[PDB]
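The next block holds one structure in the form of structure tokens; read it before the comments.
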Protein chains: 2
Amino acid sequence: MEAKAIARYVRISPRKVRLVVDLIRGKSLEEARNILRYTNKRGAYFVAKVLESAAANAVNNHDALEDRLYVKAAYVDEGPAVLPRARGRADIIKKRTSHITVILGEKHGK
Amino acid sequence: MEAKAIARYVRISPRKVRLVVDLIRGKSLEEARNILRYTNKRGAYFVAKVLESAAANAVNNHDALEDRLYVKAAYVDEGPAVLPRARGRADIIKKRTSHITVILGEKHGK
């Protein structure tokens, strides 16, 4: 009935990612892919990656049909702040992370 | 997907209920409540019921704070069909029922 995928600790600000997921909510899988390819917003690549994982889960788990898939939900949860360069005590700032969730469903199913 | 509630077999056409859930997606819990109270669309009552169930679960069981809750996702799936008559031959579907899902989460992100 439903397929989903989640990407955790993505190194992008939730505020930036939110801009991208709102573009694809409610769109067919085909339309969502097209939108993400032609937007130039930082974060598109990461959202496209989760979308492709959700589609694979739909096809592998429930043998759902990709041409019937659409984005029922897409949202972002705030992750912890993290210090890049792991541990090198230089002079770098802290960046926020995001957890991205995409849920796909198909028009007419079982 | 912090706190989720679902209402199944709602005897209202998915197309009609969708117009209601689109209004509250992404809003804070308090604003969604006011939106539903003032909206004069069929299905508002059933959406309100699912929202309140999700809110009760979030606050009572998940120890989440009502002031930080927002509608991360809200969507409608197509449910079983209703025939034109209860007995005798039928050659068309009258309408479809709907399943409504609402997922609440805390603050930041969208």
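Backbone-built Cβ (ideal geometry, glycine too); neighbour counts: all protein chains shown. What follows draws every value from the coordinates through simple rules; no lab data is involved.
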Cα-based Rg/(2.2 N^0.38 Å) for segment A:34-80, rounded to two decimals, is 1.30
Measuring from the longest principal axis of the C-alpha atoms of chain B, the long axis of helix B:29-38 (C-alpha) lies at a number of degrees, nearest 10, equal to 40
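Give the calculated FRET efficiency between B:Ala90 and B:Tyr45 to the nearest 0.05, with a Förster radius of 22 Å applied to their Cβ-Cβ distance. Numbers along the way, then the final one.
Working: r = 29 Å, r/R0 = 1.32.
It comes out at approximately 0.15.
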Rh_Kirkwood(the protein assembly as shown) over Cα pairs, Å, one decimal, evaluates to 18.8
For segment B:63-93, listing trypsin sites (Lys or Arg not before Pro) in a DSSP loop whose Cβ sees at most 10 other Cβ atoms within 10 Å gives B:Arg85, B:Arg87, B:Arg89
